[PDB]
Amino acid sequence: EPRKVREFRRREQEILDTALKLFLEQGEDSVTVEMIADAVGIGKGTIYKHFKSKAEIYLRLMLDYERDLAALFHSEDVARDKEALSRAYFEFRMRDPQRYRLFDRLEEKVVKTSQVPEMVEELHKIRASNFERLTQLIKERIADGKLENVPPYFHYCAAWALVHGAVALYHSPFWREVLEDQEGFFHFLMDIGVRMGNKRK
């Protein structure tokens, strides 16, 4: 792409990365557009060229997350490894549990309210596409004999439940200190997700 556009996009990305870091550390309600600009080192007026409001930043972060999930499914291979893809999916969903929880709060705050209707409609569209991709992966693992031959939404809902509960584990005042440094436990959870609903003989 042209150099001017690339510079504009990299500045936009730095704003997004900085804003997300501030939201997780201090809480999203506390952080203001001025505070993000100070952290990036730019004037606030520069931020408003990129985003009209904090609600646009919230929605952009969630759109970017859905785009990252979509890219996970697409690969340059004729016959992708479905078990490796399933593992990558659970890793993507369970890493960064504080971000998951933040997005749960933003769902009530800006998505359910359709604070920016065009952006929320885009978010629903890509989420529906990602739902179709996960359902197709489930159907292919069923057709390959790996997953039990039950309705695909059985597997979808089990995966949703495991991810949701796993995120909650990392917000426990008791368990978070125990688990935060345990990479083996994280991979144990990943193995459980991949093995969930596997067919038995």
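In case it trips you up, residue 1 is the first one in the sequence shown, and so on.
Higher mean CA temperature factor, per the PDB entry, when comparing 188 to 196 with 20 to 28: 20 to 28. For the pair 98 to 106 and 76 to 84, the mean B factor over Cα atoms is greater in 76 to 84. Take 45, 173, 152, 165 and read off each C-alpha B-factor from the entry; 45 has the highest. The residue among 148, 34, 140, 56 whose C-alpha atom has the highest B-factor in the PDB entry is 34. Ranked by Cα temperature factor within the chain, residue 52 sits in the highest third according to the deposited record. Per the deposited record, the Cα B-factor of residue 134 falls in the middle third when ranked against the other modelled residues of its chain. In the deposited entry, the Cα temperature factor of residue 39 sits in the top third of values across the chain's modelled residues. When the CA B factors of the chain's modelled residues are split into thirds, the value for residue 126 lands in the middle one.
Annotation for residue 71: C-alpha temperature factor in the highest third relative to the rest of the modelled chain, per the entry.
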